[PDB]
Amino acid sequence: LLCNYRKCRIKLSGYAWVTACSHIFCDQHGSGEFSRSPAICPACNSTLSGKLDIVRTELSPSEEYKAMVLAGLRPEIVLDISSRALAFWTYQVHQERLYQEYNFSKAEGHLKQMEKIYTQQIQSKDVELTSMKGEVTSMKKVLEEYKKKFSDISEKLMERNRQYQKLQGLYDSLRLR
């Protein structure tokens, strides 16, 4: 068994506090909670007021106690008590199973949300890369055109140089005369 206090859920050995609302708590939490005049079950918040609604029970009873607790009772009474005890145990097992299923469901939900956040950033990261790739291609095309303009300007510069040199020779020839 495990403590039905949500923050403890520790394996129960020795002394435990059992409630009429089918809950069981460890010795420390049971003593602290079920010794107060206002007694509220920490699990289901049920208002327990009766004397037998709360019992401090040993989970490993001695041989003599087991041999004498139900001695003298009719078989119907013994069967009824055994039925109620096993009903308590099955309820505790069912609650533990539901708690584990809930935790597994929470883990699956966390994984799906994590995948959603990651995929949202995937699509964001791909768009930034594609946008930068498009900008780089546009700028490289502009650089290609400007280099072509550079080739034309250098050709005009060399052509002007040769025409300038031709005028140099004509000027020098007329100056010498």
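When you see a residue number, it is the position in the sequence shown, counting from 1.
Comparing the deposited coordinates for 62-70 and 32-40, the stretch with the larger average C-alpha B-factor is 32-40. Between the stretches 162-170 and 17-25, it is 162-170 that shows the larger average CA temperature factor. In the deposited coordinates, the residue among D152, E115, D53, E135 with the greatest CA B-factor is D152.
Residue-level temperature factors show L143 in the highest third of its chain, judged at the C-alpha atom.
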